[PDB]
Amino acid sequence: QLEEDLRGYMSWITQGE
Amino acid sequence: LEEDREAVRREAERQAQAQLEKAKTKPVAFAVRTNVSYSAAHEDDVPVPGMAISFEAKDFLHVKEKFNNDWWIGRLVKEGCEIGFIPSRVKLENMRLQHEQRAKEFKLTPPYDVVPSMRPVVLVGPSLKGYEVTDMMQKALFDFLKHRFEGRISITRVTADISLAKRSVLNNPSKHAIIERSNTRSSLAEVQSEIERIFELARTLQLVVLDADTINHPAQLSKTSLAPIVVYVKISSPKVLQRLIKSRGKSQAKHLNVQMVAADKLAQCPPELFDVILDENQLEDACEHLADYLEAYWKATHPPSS
C-alpha cells in the first residue's frame, strides 16, 4: 500500500512537470 | 369589503409573478453568505404565496433584483432551487425587532455577508507551496481542471497575500488603520484590489480557481470575504511524503523538515475547514473526485432556467 501510494504519487508528480 | 382587497392582492401577485419570471434569466447582482436561518412557512405579504426562499445559516444566495424594501428576487445556490423572494436585511432586522418585542411581551448583526457569486476554488497541500512536490501536484490538478471545465473556468495566479483580506480590515475607511498594521506582508491596497479582482472574475458565474501562493491552510482565508471552496490535496502516509520529497533531489530534501511540518499541520486541521479532500493515490481518481464536486457546484449555481 506504500508502494501503491508512492507509485501513483510519483506519476502524478511527473504530470506536474 | 374583503372581495376588493382580494382583487387588489390578486392583480399585485400577478405583477410579482411576472417580475419573478422575467428575473429568471437575469444575471446575479451579488451573492451572500447568510449568517442567519430564515423560514417563510409562517408569513403573509410575501409577494407571491409559496415563493419565499427559506434558508439556513451559512447558505449561499444569489440576488438578482430588488422587488421592494422588504424583498429581493433571487435564489438559493442549490441544484434545484428556482427564483423566489428573499427577505431583505431590513425585513430580517424588522423581524428580529418584532421577535424581541414579542419576547418582552411574554413577561416570563449582519444577516448577509457579501461573497463572490462563485466560491473561488483554493488548493492546499499536500505540503508547502513553493516546493516541488506540492507545486507539481497542484499544477497537475490545475491542468486537468482547465481541460475538464474549458469554457466555464477561470484559473488565476494570486501572489498577493490574500490571507490579510479580513473583512473588517477591508471595510475600514480610516486612513489611520495603516498604523495598526505591524510589518505588513504585501500591501492592503494590493490585497483589496486582488479581492475585487476575484469578485469580478466570478461575476458571470464561471468557475473560479485561485492559484494562491500564500495559502497553505484554510484558517488563513476563513476571516475573508472570499468564502472559498478549499480543496485539500492529502497524502495520507507521511512516509510516502518524505520519500516523494527525497525523489526530488538533495536541495528539496534539505527542507524535508518544514515540508513535513506543514503537512502534519493540515493533517490536524478539522475536516470541516475543507470543502473537498483529495486523498486518492492516483491523479486520475483525485481529478474525477474534484470534477464531480465542481460539476455539482456548477449545477447548484446554474441549472434549467438560464
Side-chain angles (χ1 to χ4, degrees), chain B residues 10-41 43 45-96 110-121 149 151-154 167 171 195-209 224-229 294-306:
Chain B
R10 203 69 178 164
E11 171 64 359
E13 185 191 280
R14 279 156 145 166
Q15 311 264 40
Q17 174 96 85
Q19 207 186 149
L20 190 75
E21 260 285 314
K22 196 199 292 184
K24 273 184 155 199
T25 41
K26 294 197 182 186
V28 173
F30 57 99
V32 284
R33 204 200 319 171
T34 64
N35 295 314
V36 298
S37 63
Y38 165 84
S39 170
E43 70 159 291
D45 274 25
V46 36
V48 175
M51 226 75 156
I53 300 198
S54 294
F55 53 84
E56 290 303 318
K58 304 323 292 177
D59 276 356
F60 290 82
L61 301 167
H62 273 350
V63 188
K64 289 196 181 311
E65 192 177 78
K66 175 152 159 85
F67 181 83
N68 69 193
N69 289 326
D70 278 355
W71 298 96
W72 302 327
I73 284 168
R75 72 178 287 275
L76 216 208
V77 179
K78 177 167 143 157
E79 197 145 308
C81 174
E82 221 69 53
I83 308 310
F85 293 95
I86 292 151
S88 70
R89 82 147 228 288
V90 167
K91 187 192 171 41
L92 289 175
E93 294 179 338
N94 287 165
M95 286 164 59
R96 201 70 188 148
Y112 297 137
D113 290 332
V114 191
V115 125
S117 305
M118 301 285 280
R119 290 163 56 66
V121 173
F149 295 100
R152 300 143 72 185
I153 194 165
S154 179
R167 235 243 173 58
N171 312 317
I195 293 305
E196 301 166 40
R197 212 190 116 233
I198 306 324
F199 274 66
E200 175 57 35
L201 265 185
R203 184 186 41 85
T204 53
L205 309 193
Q206 304 284 262
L207 291 158
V208 177
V209 181
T224 71
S225 62
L226 293 175
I229 290 170
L294 290 185
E295 191 56 57
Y297 185 60
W298 185 261
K299 292 171 164 94
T301 55
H302 305 258
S305 197
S306 36

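The chains referred to below are lettered A, B, ... by the order of the sequence lines, with proteins before strands, and numbering in each begins at 1.
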Practice task
Look at the side chain of B/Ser117 and the backbone N and O of B/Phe30, then say whether any donor-acceptor pair between them is shorter than 3.5 Å.
Solution key: no
Problem - Close side-chain approach of B/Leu207 to B/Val121, heavy-atom, < 4.5 Å - result: no
Practice task
Inspect the contact between B/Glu196 and B/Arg203 and indicate whether a charged nitrogen and a carboxylate oxygen are less than 4.0 angstrom apart.
Solution key: no
Problem - Heavy-atom pair of closest approach, residues B/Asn35 and B/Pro110 - result: ND2-O, 2.6 Å
Handout entry: 4.5 Å side-chain heavy-atom contact, B/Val208 and B/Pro116
Key = no
Exercise for the section: May I ask you to check whether over 12 heavy atoms, not counting those of B/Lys22, lie within 6.0 Å of atom NZ? Expected result: no
Exercise for the section: Might you confirm whether atom CG of B/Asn171 has over 12 heavy atoms from other residues, nucleotides or ligands at distances under 6.0 Å? Expected result: yes
Practice task
Report the distance from atom NZ of B/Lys78 to atom NE2 of B/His62, rounding to the nearest 0.5 Å.
Solution key: 15.0 Å
Exercise for the section: May I ask you to decide if B/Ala23's main-chain N or O and B/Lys64's side chain share a donor-acceptor pair within less than 3.5 Å? Expected result: no
Handout entry: Separation between NZ of B/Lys58 and OG of B/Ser37, rounded to the nearest 0.5 Å
Key = 12.0 Å
Problem - pair B/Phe85-B/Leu20: side-chain heavy atoms closer than 4.5 Å - result: yes
Practice task
Calculate, to the nearest 0.5 Å, the distance between atoms CE and OG1 belonging to B/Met118 and B/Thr204 respectively.
Solution key: 9.0 Å
Problem - Which atom of B/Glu43 lies closest to which atom of B/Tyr38, heavy atoms considered - result: OE2-OH, 2.7 Å
Problem - CZ on B/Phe60 to CZ on B/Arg33, rounded to 0.5 Å - result: 5.0 Å
Problem - Side chain proximity check, B/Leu76 to B/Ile53, heavy atoms < 4.5 angstrom - result: yes
Completion exercise
Shortest non-hydrogen pair, B/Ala16 vs B/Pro47, comes out as CB-O, 3.7 Å
Problem - Main-chain N/O of B/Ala52 paired to B/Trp71 side chain as donor or acceptor, under 3.5 Å - result: no
Exercise for the section: Verify, without hydrogens or angle tests, whether B/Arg119 (side chain) and B/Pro228 (backbone) share a donor-acceptor contact under 3.5 angstrom. Expected result: yes
Problem - Any donor-acceptor N/O pair, B/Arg167 side chain to B/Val114 backbone, under 3.5 Å - result: yes
Problem - Any side-chain heavy-atom pair of B/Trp298 and B/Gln206 under 4.5 Å - result: yes
Problem - Residue that, paired with B/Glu93, satisfies salt bridge (charged side-chain N to carboxylate O under 4.0 Å, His left out) out of B/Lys91, B/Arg89, B/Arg96 - result: B/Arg89
Practice task
Answer yes or no: is there a side-chain heavy-atom contact under 4.5 Å between B/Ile198 and B/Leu226?
Solution key: yes
Practice task
Scan B/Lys24, B/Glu21, B/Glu82 and name whichever one has a side-chain hydrogen bond (donor to acceptor under 3.5 Å, both in side chains) with B/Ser305.
Solution key: B/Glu82
Exercise for the section: Could you walk me through whether B/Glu13 and B/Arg10 pass salt bridge (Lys or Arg N to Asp or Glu O under 4.0 Å), step by step? Expected result: CA-CA 5 Å; B/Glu13 185 191 280; B/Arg10 203 69 178 164; 3.5 Å; yes
Exercise for the section: Determine the minimum heavy-atom distance between B/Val115 and B/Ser225, stating which atoms define it. Expected result: CG2-O, 3.3 Å
Exercise for the section: Would you mind reporting whether B/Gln19 and B/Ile83 have side-chain heavy atoms less than 4.5 Å apart? Expected result: no
Practice task
Taking the side chain as every heavy atom from C-beta outward, state whether B/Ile86 and B/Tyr112 have any atom pair closer than 4.5 Å.
Solution key: yes
